[PDB]
Amino acid sequence: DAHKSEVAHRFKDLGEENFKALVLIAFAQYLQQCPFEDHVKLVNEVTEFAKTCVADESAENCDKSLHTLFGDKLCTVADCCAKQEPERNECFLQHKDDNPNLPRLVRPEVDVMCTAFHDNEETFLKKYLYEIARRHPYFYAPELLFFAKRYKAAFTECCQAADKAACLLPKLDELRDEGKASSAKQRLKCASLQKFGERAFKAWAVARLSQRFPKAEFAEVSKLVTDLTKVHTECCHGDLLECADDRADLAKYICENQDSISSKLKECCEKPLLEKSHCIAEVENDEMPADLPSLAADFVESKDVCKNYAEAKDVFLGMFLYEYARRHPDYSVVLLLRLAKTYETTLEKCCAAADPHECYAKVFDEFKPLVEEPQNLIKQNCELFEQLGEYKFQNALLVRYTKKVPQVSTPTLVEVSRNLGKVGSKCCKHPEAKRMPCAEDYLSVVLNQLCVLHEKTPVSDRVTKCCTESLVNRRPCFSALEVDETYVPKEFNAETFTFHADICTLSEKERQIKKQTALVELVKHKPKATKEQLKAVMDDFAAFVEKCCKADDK
Ligand SMILES: O=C1CCc2ccc(OCCCCN3CCN(c4ccccc4)CC3)cc2N1
Numbered sequence: 007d008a009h010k011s012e013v014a015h016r017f018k019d020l021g022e023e024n025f026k027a028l029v030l031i032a033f034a035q036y037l038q039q040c041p042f043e044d045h046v047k048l049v050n051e052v053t054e055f056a057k058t059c060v061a062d063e064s065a066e067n068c069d070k071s072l073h074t075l076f077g078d079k080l081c082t083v094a095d096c097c098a099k100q101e102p103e104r105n106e107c108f109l110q111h112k113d114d115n116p117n118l119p120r121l122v123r124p125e126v127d128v129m130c131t132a133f134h135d136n137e138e139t140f141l142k143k144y145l146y147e148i149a150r151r152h153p154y155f156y157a158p159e160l161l162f163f164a165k166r167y168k169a170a171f172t173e174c175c176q177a178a179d180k181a182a183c184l185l186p187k188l189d190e191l192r193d194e195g196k197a198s199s200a201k202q203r204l205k206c207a208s209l210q211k212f213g214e215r216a217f218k219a220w221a222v223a224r225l226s227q228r229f230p231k232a233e234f235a236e237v238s239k240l241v242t243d244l245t246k247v248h249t250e251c252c253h254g255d256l257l258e259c260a261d262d263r264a265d266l267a268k269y270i271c272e273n274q275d276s277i278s279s280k281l282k283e284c285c286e287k288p289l290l291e292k293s294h295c296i297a298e299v300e301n302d303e304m305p306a307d308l309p310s311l312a313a314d315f316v317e318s319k320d321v322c323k324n325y326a327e328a329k330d331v332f333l334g335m336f337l338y339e340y341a342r343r344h345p346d347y348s349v350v351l352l353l354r355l356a357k358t359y360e361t362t363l364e365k366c367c368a369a370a371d372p373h374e375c376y377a378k379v380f381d382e383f384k385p386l387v388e389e390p391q392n393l394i395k396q397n398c399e400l401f402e403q404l405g406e407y408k409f410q411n412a413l414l415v416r417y418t419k420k421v422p423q424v425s426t427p428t429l430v431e432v433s434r435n436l437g438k439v440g441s442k443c444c445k446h447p448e449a450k451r452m453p454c455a456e457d458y459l460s461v462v463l464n465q466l467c468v469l470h471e472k473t474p475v476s477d478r479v480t481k482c483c484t485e486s487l488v489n490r491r492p493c494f495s496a497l498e499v500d501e502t503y504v505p506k507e508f509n510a511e512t513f514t515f516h517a518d519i520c521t522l523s524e525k526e527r528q529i530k531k532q533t534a535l536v537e538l539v540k541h542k543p544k545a546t547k548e549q550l551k552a553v554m555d556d557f558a559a560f561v562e563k564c565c566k567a568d569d570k
């Protein structure tokens with residue numbers, strides 16, 4: 007019922023509707039260029055074959071692995097198809113394009129969308145899945161099903177509203193916003209798994225879940241981490257059916273053991289299937305249990321620290337991280353991992369010393385400068401964010417980071433510097449207790465986006481170094497890059513700074529993105545230009561943009 011035919015097992019577990027969507031997502035993420043209709047046809051053939059296996063597990067080919075089945079179908083349409101089943105899937109994952117040369121989707125008129133929704137609802141919702149999945153080849157697949165459900169509900173409600181556009185546009189805009197943030201967050205999970213391995217992933221998971229579920233026992237935290245790691249390993253490896261199935265299993269287990277996990281899950285666990293998993297994944301930290309003793313008695317002052325550590329290294333350090341993380345919801349996850357790495361380093365050298373107890377007696381003192389550094393960086397950047405506002409703050413990042421690495425492409429500089437500025441909008445509104453996890457964890461996400469974008473088209477050996485070194489040290493490494501001195505400026509191209517009448521039909525947001533694009537190209541043309549020389553240009557360009565259109569002369 008769960009062994010002889012894998013494709014039948016997952017079809018039964020997930021049901022036909024989610025099965026077909028997850029297969030469509032997998033096909034769109036592997037072959038991002040193939041047209042929509044072709045992928046649908048392949049999905050339908052896979053689905054009709056899966057049904058025969060449900061009817062008879064011993065039917066021909068029903069015993070094949072999902073990768074063999076899915077790989078075979080894709081290869082009926094790029095050297096990957098000449099490879100045997102293990103190496104073949106790895107070749108597919110390697111060719112996923114993080115920024116494919118696809119035209120951005122132009123949202124049509126609201127009436128045009130609602131009429132297409134009512135014409136063929138099935139095709140409308142499949143195209144939505146397809147266009148998102150092929151542009152975000154690492155999107156968290158079960159979470160994409162949840163976005164699709166909200167997308168459908170928005171059209172179902174608003175296309176019946178008296179004012180369709182006033183109802184629909186705000187729901188679509190926040191879905192797009194939430195979808196971009198979810199994509200970047202999941203991309204970081206897959207990058208850490210692929211580049212730094214499962215041990216690094218599980219440590220991150222131990223830290224975050226201990227902060228989120230501080231009342232749970234270490235055995236409970238470890239069990240959840242193990243299952244969550246399998247979920248994301250499957251999803252990041254393209255095992256989307258297993259990933260969705262295991263994620264629903266995990267949500268079902270969490271909800272059946274609330275009493276030993278958290279007091280924050282009552283509401284989440286009354287929601288339907290897709291909403292429940294989403295709700296659980298973003299539930300607030302539980303209150304930490306009171307009267308929790310200090311870590312000193314068992315991790316510093318104890319005489320059996322070296323003995324307990326040597327008997328089980330990874331378990332002891334995992335226990336340390338769990339105990340420290342549950343006590344510090346106010347620390348970022350990268351800080352908590354750095355502190356746990358410090359403890360391990362101290363233990364390795366001190367347990368070999370002549371007097372181990374004296375050697376590691378002051379290990380917690382070494383945490384003080386590690387804690388203070390991100391606290392001051394955030395306190396200083398939030399002030400600058402308050403003096404400038406988001407758009408000016410983004411501009412200041414644009415010039416500084418363009419000078420540091422002028423070889424990075426202008427779209428990457430614009431995207432990344434804009435997202436690094438949004439940290440202030442997202443996090444500086446919190447108190448000091450919440451700023452650091454908000455800011456530092458958001459910085460990890462956006463810096464990872466820079467790393468994957470640069471990995472696509474490498475130009476700087478220094479960016480590669482920061483990206484391939486310690487994940488927890490990325491933000492310090494990027495901050496210390498220094499201005500590139502040997503960069504010879506590009507010859508001035510007037511076609512770059514020549515705006516057409518089409519600029520005034522764009523939204524205000526797009527025009528601000530175009531101004532930021534010209535600002536980067538300005539710095540590249542004159543890297544030693546001062547702030548007043550750049551401000552005089554941008555203020556002149558902005559004035560010319562408003563002028564040459566408020567006056568009707570085309
Ligand atoms: O596009 C590129 C490519 C070239 C490049 C090289 C280095 C680089 O370093 C960024 C290092 C982190 C900077 N943070 C630090 C703090 N962060 C903040 C903002 C508000 C509130 C709290 C915190 C602002 C931004 C970025 C880029 N960008």
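Positions 7 to 83, 94 to 570 (mature numbering (1 follows the signal peptide of the UniProt record, and there is no 0)) are the ones given, in order, by the sequence shown. Heads up, the beta-carbon is just placed ideally off N, CA and C, and yes, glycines get one too.
Please confirm if the region 245-256 is in contact with the region 197-209, defined as three or more CB-CB distances below 8 Å between the two stretches.
yes
What residues in its chain sit with their C-beta under 7 Å from that of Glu147, if we drop five residues either side in the sequence?
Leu121
Rounded to whole angstroms, what is the Cα-Cα separation between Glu524 and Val316?
57 Å
Just how far apart, CA to CA, sit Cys366 and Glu471?
39 Å
Counting pairs of Cβ atoms below 8 Å between the region 364-379 and the region 407-421, do you hit three or more?
no
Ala545, DSSP secondary structure in three states:
coil
Heavy atom of ligand 1 less than 6 Å from the Cβ of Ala455, yes or no?
yes
Report all residues for which the CB-ligand distance to some heavy atom of ligand 1 is below 7 Å; order them along the chain.
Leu393, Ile394, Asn397, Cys398, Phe401, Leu413, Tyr417, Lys420, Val421, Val424, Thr428, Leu429, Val432, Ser433, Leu436, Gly437, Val439, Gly440, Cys443, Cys444, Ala455, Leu459, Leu463, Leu466, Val479, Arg491, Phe494, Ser495 and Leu497
Could you give the distance in angstroms between the alpha-carbon of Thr361 and the alpha-carbon of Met554?
50 Å
Only counting the same chain, and skipping five residues up and downstream in sequence, which positions put a Cβ closer than 7 Å to that of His73?
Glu101 and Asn105
Using 8 Å as the Cβ pair cut-off and three pairs as the minimum, do the region 151-164 and the region 33-42 touch?
yes
Relative to the C-alpha of residue 91, which candidate in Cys375, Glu66 and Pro309 has its C-alpha closest?
Because residue 91 lies between 83 and 94, and the chain jumps straight from the first to the second, it has no atoms in this structure.
Between the Cα of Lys531 and the Cα atoms of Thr514, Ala558 and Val415, which residue gives the shortest distance?
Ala558
May I have a chain-ordered list of the alpha helix (DSSP H) segments no shorter than 4 residues that lie completely inside the region 454-524?
477-484 and 490-495
Just how far apart, CA to CA, sit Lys547 and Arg416?
11 Å
So the candidates are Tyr340, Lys292 and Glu327; which of them puts its Cα closest to the Cα of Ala312?
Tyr340
Cutting at 7 Å between CB atoms, please list the residues of its own chain near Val461, excluding the five before and the five after it.
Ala200, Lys201 and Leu204
From this set, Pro309, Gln465, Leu225 and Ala164, which residue's C-alpha is nearest residue 90's C-alpha?
In the model as presented, the chain runs from 83 straight to 94, which leaves residue 90 without coordinates.
Through-space distance from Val475 to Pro505, alpha-carbon basis
16 Å
Candidates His134, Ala216 and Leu160: which alpha carbon is nearest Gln176's?
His134
First and last residue of the uninterrupted alpha helix (DSSP H) at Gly437
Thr426 to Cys443
In whole angstroms, give me the CA-to-CA distance for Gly195 and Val331.
36 Å
Do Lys79 and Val52 come within 7 Å of each other at the CB atom, strictly closer than that value?
yes
Where does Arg120 fall in DSSP's three states?
coil
Given 8 Å as the limit, is there contact between the region 278-296 and the region 104-119, that is, 3 or more CB pairs closer than that?
no
Output the distance between the C-alpha atoms of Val488 and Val350, rounded to the nearest integer angstrom.
5 Å
By Cβ distance below 6 Å, which residues in the same chain neighbour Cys483 in space, the five residues on each side in sequence not counted?
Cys467
DSSP three-state assignment for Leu311, whether helix, strand or coil:
coil
Count the other C-beta atoms from every protein chain shown that fall within 10 angstroms of the C-beta of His45, then say buried if there are 16 or more, exposed otherwise.
buried
So is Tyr458 buried or exposed if we call it buried at 16+ other beta carbons inside 10 Å?
buried
Where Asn136 falls: helix, strand or coil (DSSP):
coil
As an exercise, report each continuous alpha helix (DSSP H) stretch of at least 4 residues that is fully enclosed by the region 233-301, in chain order.
234-252, 256-271 and 289-297
Cβ contact (3+ pairs, closer than 8 Å) linking the region 248-267 and the region 13-31
yes
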